[PDB]
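So here's one chain in two forms, each on its own in structure tokens, numbered structure 1 and structure 2.
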Structure 1
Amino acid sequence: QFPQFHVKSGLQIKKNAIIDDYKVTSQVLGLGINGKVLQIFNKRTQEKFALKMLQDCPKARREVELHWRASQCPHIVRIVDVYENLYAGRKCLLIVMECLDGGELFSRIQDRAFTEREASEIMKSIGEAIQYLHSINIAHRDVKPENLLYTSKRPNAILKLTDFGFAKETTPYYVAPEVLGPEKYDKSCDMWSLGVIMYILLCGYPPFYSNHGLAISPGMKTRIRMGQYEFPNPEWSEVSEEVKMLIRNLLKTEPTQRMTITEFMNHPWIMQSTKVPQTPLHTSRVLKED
């Protein structure tokens, strides 16, 4: 009767030199928050892995723990191992992650087209990682299209959230939430992120941009602060008011007016992602022309 299935192992950090277990190529996959990401190979099995190198420090020890916990969710890059070694005198955390060769979320989309129930299905996988994190009290804080990478190039590869460099811990049957724990509004901007991704998923471009030719709120910063965006044509022509209202409620300037991740998940559009109009979008096209 016991929720054994909720019991997961903690993270044992290895001290042995990572070079005993992997070949660490000098090739960079990219620069994550607070560390580079090289490609490494498993000396015993020859499989390919990603490696983030962090310099050991309090923020560093926060990222590993947070990311370790989040890893239990299938939509977040798996951690294979964490090493605490000595790089050139300095102490650092070496995070071994599973390989994601599927490419960015939008690269896949760009290479093709994309319907709206498709976009819904995608928006729901992302929401799944986000939902898991907020339920264990973690705000990712750097959710952006570019941190969502596909596992393989297969048609059924799964999308996974990466980079926990800005992640943050957020902390009677009739007690109100505000009394069981303060908790500011750091979750809240993960939701804003969801907003921007969804928008781009339906038309190929972002809602906020640079436009000095404007009269009011030239600056993109200003347009965001104000909350100045819209659903022009034809991109949004056949997109449902239902969808647009959902973006309206994720992209609200006032953190607290913003929709929570449970509301998001229970929304009909994400929930009934198999009754949603398979209406065509200009995403793929728009994306290619940039």
Structure 2
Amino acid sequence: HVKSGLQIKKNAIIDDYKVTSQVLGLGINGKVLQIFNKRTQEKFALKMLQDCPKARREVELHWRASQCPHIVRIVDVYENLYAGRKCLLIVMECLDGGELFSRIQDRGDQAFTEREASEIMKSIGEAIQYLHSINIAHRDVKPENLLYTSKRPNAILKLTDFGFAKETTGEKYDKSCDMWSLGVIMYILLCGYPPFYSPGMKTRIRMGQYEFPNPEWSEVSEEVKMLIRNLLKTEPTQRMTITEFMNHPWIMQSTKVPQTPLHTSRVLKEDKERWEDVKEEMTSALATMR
């Protein structure tokens, strides 16, 4: 099938949208502000990039990805002058449900189940699949870039941030780090801490120890552990691919996976002072796996 290419608008964005000062996110590449379409009054998000080759690649690759139901949608892209600099202003659908793990952490029940984790991974998996099959690797799949459409329990999860995406034609192992990200996310979903070796807090993984500590992992099947191990495999030549992953019975039959109660929500609350550290370890790790 054939799709339309990206048409960058040159008219001033203020002809079309009201632009507020409320920041809805921060990025080592620019900011995200709140805005409203003038004629319809619909709310939208605005990502601002200083125009450059990298910004252009971000917008292009994200444009290709945009129609995926589990990737955030680009409504329009503008090339404008702002504050004395030439910018790409990107209008996206509003995603005000919060980040993936904040939600889980906030569950007053502390009632999160293996099945729920499966369905979430199928969602993320679908984004990665859409991308990998058009030879794009995202390369920044991590907690802060996964957001929900609304606060509704039934909100859709969306992958954001194409700042590190690249075309992978002829360098297939670029896709691998997206798979490791899936492994890491799945592991945190299942227990509340990442599979990282790393005062007034429990140590969840001892340095060098077996990866699935009994307190939190005792009721998780060996099949699931094997799935994680395949995703986390050290060697990119041996790591699971997105096709193998989306063909796995635990993902393919997500809705019929056991509702094993998990420690995830309680651990996220217990360890909340360490979350920034978690995100920072993952970011540093990503920089070396890309």
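Every residue number counts along structure 1's sequence, beginning with 1. Between two forms, the rigid core is the largest collection of C-alphas that superpose within 1.5 Å.
> With the core superposed, a Cα shift of 2 Å or more between the two structures singles out one residue among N249, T262, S240, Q228. Which one is it?
Of all the options, the C-alpha that shifts by at least 2 Å belongs to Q228.
> Where the core is superposed, what shift in Å does the CA of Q72 undergo between the two structures?
A shift of 1.3 Å at the C-alpha.
> After superposition on the rigid core, what is the displacement of the C-alpha atom of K275 between the two structures, in Å?
C-alpha displacement of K275 between the two structures: 2.5 Å.
> Once both forms are fitted on the core, what is the Cα shift for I197 between the two structures in Å?
Its C-alpha shift, to one decimal, is 0.1 Å.
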